[PDB]
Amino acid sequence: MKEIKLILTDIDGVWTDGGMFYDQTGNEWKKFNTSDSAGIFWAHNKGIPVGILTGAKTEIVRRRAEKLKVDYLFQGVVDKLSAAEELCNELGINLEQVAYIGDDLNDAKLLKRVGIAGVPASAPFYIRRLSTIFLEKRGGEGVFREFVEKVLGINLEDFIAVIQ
């Protein structure tokens, strides 16, 4: 497993199954999976910061980001590759030292440039073929957790050490 210094992730279609709940009054919901917070846990356990990139801008995601202690949150992103580059240069790392997971069209550019590109099984075929590792899980099923565990080579020894 190649050395990683940054994990970026998309939200919708990764942290969720793409569901967007509208009510009659202009409110909106997302369904996260508690399983994904272990992604943050494993990352921080290994001293790796985690960033979120999202085209949308919601209080929904901002609260979730906050509670999970994500290192970086970037909502309203127009160009994900662009936002990723800014942050890399900000952190003095390059894209090759980055792991990214996204599920749709606006992810494809960044996915093509990163050290490890992950895509959920639920994603469309032309995006899915951009992944450089296989992810069994679908968005919403803890696929962020799967990505992180595979990217940092988490193993039974790590597990054993954290429950002692």
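Residue positions are given as counts along the sequence shown, with the first one as 1.
(message) When the Cα temperature factors in the entry are averaged, is it 90-98 or 67-75 that ends up higher?
(response) Higher mean C-alpha B-factor: 90-98.
(request) Look over 135-143 and 22-30 in the entry and identify the one with the greater average Cα temperature factor. (result) It is 22-30.
(request) Could you tell me which third, lowest, middle or highest, the C-alpha B-factor of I48 occupies within its chain? (result) Bottom third by C-alpha B-factor.
(request) State the tercile, meaning the lowest, middle or highest third, of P124 with respect to the CA B-factors recorded for its chain. (result) Highest third of the chain for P124's C-alpha B-factor.
(message) For the chain shown, is the CA B-factor of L105 in the lowest, middle or highest third of its modelled residues?
(response) CA B-factor rank for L105: highest third.
(request) Could you tell me which third, lowest, middle or highest, the C-alpha B-factor of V162 occupies within its chain? (result) Within its chain, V162 is a highest-third residue by C-alpha B-factor, going by the deposited values.
(message) How does the C-alpha B factor of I116 compare with the rest of the chain: lowest, middle or highest third?
(response) Ranked within chain, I116 CA B lands in the middle tercile.
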